[PDB]
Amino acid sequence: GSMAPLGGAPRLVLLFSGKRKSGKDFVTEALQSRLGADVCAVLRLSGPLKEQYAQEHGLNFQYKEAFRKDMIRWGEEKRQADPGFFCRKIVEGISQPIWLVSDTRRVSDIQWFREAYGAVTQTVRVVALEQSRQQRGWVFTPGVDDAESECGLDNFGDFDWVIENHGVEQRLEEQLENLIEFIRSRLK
């Protein structure tokens, strides 16, 4: 109904996604660095996932990683009945004009943001050449690389922008500079 009661009203919301070891964090941190924390905020859906999970289980706050799977299964159950369950929590009290959601992973995350903020939402997919992922130590891992957390957007192609990481620092910098100038056009 009222989709995000605690959310501000950004001039631009960038929805990032990308498989592990592809350079997504490199991209999002570079953008926030160039823009400044007061201009750009980085929001992580994993934040409320951890906070709410632990909470509804006898908590406090924000072998030891099979628990990660527990949280994922728990989060999926919440998300299936309430797509915006975690989205509503990351946008609360964010006063910066630019929002960078660094970890959308499912189509529902994109659909929720496009419906709630429509006019100012832009989706950006980070993809890396396979050898670049290999250099990072990536090896196909059953239970991870074939799980929804990593493949939820594999059949989605309606991204606004796609950053292909070629494993070359200069090439990625150029892409970052292009994106930064796009973001800046929204702060005028």
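The first residue of the shown sequence is 1; numbering continues from there.
In terms of unmodelled positions of the deposited sequence, the stretch from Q62 to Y63 in this entry skips 4 to 9 residues.
On average the C-alpha atoms of 174 to 182 have higher B-factors than those of the other stretch, with 11 to 19 and 174 to 182 being the two compared. Per-stretch averaging of Cα B factors for 125 to 133 and 34 to 42 places 34 to 42 on top.
As recorded in the PDB entry, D70 shows the highest C-alpha B-factor of the residues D160, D154, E29, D70. Note on the listed residues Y117, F86, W99, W74: the highest Cα temperature factor in the record is that of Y117. In this PDB entry, the Cα temperature factor of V107 sits in the bottom third of its chain's modelled residues, the lowest group.
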